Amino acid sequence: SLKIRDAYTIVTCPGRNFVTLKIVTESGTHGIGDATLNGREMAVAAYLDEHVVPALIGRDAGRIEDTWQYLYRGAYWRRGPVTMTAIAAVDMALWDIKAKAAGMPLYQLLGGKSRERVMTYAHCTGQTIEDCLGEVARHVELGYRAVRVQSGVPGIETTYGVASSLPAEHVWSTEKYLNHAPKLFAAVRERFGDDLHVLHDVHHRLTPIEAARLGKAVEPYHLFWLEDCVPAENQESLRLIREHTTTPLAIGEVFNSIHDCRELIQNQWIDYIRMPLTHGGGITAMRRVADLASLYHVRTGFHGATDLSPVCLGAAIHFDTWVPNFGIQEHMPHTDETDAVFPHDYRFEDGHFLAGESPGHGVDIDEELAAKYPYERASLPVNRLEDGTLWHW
């Protein structure tokens, strides 16, 4: 039967913390899902262990939609990063099981392939503009068609995306950054030309009119996207940016629900939605987000940093392979130790991912190997202004 016999979390730190849900059916078939929430990992682990897992036992594993609604509505307190990550982990494991039962790779189950490979972007970072440019050259040589560029801001010790369990404390100056950033993109274009796709992550630090100014300043450099311009709990925060610049906009890695972005999409305030499988309620929910996005010409650009496990990456590559309105897939390679803990069949070649062909999402976990790497607490940084004001990191 497809009745659930067992379900449990695995916590491991093969270079960084990962939490994984495993679901095992009465017939012995199993599925896994990513439950990793960077810097708050044990909150999801406990949400799953104490409150979700006992309710999964005896459930029909084939009932994906019912389980999703049961956990989403049944929680009573709806949405949220801990909440939606727990739900995502269950959803991914159930889709893994369904695809295995169907004898198909996940992309086939979703509606089959819409493309022959999945374009990625790489992180190019450096202290100086020159340092970053060197990194762009290296990745272009590796075959990347797209690069995210970040560089230090002169007069500021720490800037995002440029180079102990408690939050590190960074210092920020918006005004210095606003004057410096356009110089980076100018230098990229001068050295590498127009065919390269160039991305930039603002990482929440601006107000809307400041982001509008930046967007206008970087129009000549034709960025693939300007990402996370402003905190967007208030979705209307995007409107001034959109009304003032034609630089394409990306947002959403911090979102967990379609209700965090319904308005952003329907009002045409963004070009790319960034919310990934692990944090956005899994395959079931993200299919719905991508479909809504498609009505408004919005494309997917999944958050793909290392704090999403190979389980998320494999499932995302399947999703990317099917989804009509695919935009790009972020690539941050995992460590060798992480890759070994999570055997998988997706492949990376010449700047692109290729989806696996084995039934399931194609990712597994080696539990005995995972057990060799105990959890190590690690928190994300905070950002303060020059006067000490607790700002957005």
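In this text, residue numbers run from 1 along the sequence as written.
Where coordinates are absent for parts of the deposited sequence, a chain break appears; between neighbours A163 and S164 it spans 10 or more residues. Legend: mean Cα B-factor per stretch from the PDB entry, 364-372 versus 37-45; the higher mean is in 364-372. As recorded in the PDB entry, 108-116 is the stretch of 108-116 and 255-263 with the greater mean C-alpha temperature factor. As recorded in the entry, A168 carries the highest CA temperature factor of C312, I270, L292, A168. Across the residues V153, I241, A89, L206, the deposited record lists the maximum Cα B factor for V153. Among the modelled residues of the chain, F192 sits in the highest third by CA temperature factor in this PDB entry. In this PDB entry, the Cα temperature factor of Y72 sits in the bottom third of its chain's modelled residues, the lowest group. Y144 sits in the highest third of its chain by CA B factor, as recorded in the PDB entry. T83 sits in the middle third of its chain by CA B factor, as recorded in the PDB entry. The entry lists a Cα temperature factor for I64 that places it in the lowest third of the chain's modelled residues.
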